[PDB]
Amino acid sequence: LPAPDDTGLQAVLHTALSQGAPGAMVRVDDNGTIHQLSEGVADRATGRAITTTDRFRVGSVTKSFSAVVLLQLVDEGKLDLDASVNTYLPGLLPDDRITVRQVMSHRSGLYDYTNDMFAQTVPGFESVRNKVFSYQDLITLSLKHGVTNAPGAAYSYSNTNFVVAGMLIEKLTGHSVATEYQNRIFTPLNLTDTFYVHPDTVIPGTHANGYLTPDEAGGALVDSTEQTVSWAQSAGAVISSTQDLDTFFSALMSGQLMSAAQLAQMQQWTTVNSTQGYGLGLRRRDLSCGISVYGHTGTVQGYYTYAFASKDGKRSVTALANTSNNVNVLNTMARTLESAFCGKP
């Protein structure tokens, strides 16, 4: 790989601040040599500086943790990716032909209930932030809508898919998703900054606060740090750090978290766009210099995450900006992957 470009990373973070991120940071684990940069504030009201050890909400990076648990259950003979969801969760979906593989790759057609919840950014956040939902509650909210396409037919990202994922984990194991994440992933990899505390609203330890950008241009930011994330759960509620997401995606890609067979299934790409694929709870992004990287993005209120590793896991990068609903910042933070994997122009 090219050398990571720290001057480029510095410029990405500085641009993100200029576009409304209170703080932005990145950590690269380059085959045992660390790069770490941060700019701005973890708490914009107290002025406390952001750092690469601050914990944060990783949003949809949680889908990869859910997918790893499910794929270990496939290795254990407890789950068949081509069986119907309703085989394990009887009566759950209106179509008994929607399969586990289709849910995990967003080809199921299930409508994403979060498009109803967040049609208005700040009112929607205020509506869900202190709610506790069951898994079934969120499925029922999706099922009020029809499906959007035939099973397996079309990629359509939907949080509903990884609500089904959490239901499958709990039904087939008899344990909570927190217990399964802890025993299968967090403890074996010693991810000491990684937690699943739903429905608790506190982020353990020193953390970046999240700042939700309102829909009104120029409007005051909303502190969105403390919320249940119950509207996402196994689709979005993990808390972690840049070092722990680097360790997780490096372990995944280097073959430490499941059989080779199941990692290959995880990397069967469905097209997302001309430079992106989606596997089983896993994203592929194709970078300008002809390198592809593997991992997941996250976007929970107040936090944008990118966590991606090279194909063999030897270089991993995690970047965080503590705002959301700010597409300038989201697009800018993606450039950390270019600087960290493609290096200087």
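Residue numbers run from 1 along the displayed sequence.
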property: Between the two ranges 223 to 231 and 89 to 97, the one averaging a larger CA B factor in the entry; result: 89 to 97
property: Residue range whose averaged C-alpha B-factor is higher in the record, 284 to 292 or 50 to 58; result: 284 to 292
property: Deposited CA B-factor, highest of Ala208, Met167, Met104, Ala237; result: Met167
property: Selection from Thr247, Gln256, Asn161, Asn130 [criterion: highest C-alpha temperature factor in the record]; result: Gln256
property: Chain thirds of CA B-factor: placement of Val327; result: highest
property: Among modelled residues of the same chain, the CA temperature factor third for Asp43; result: middle
property: Chain thirds of CA B-factor: placement of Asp312; result: highest
property: For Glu126, the third of its chain into which the C-alpha B factor falls; result: lowest
property: Lowest, middle or highest third - CA B-factor, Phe186; result: middle
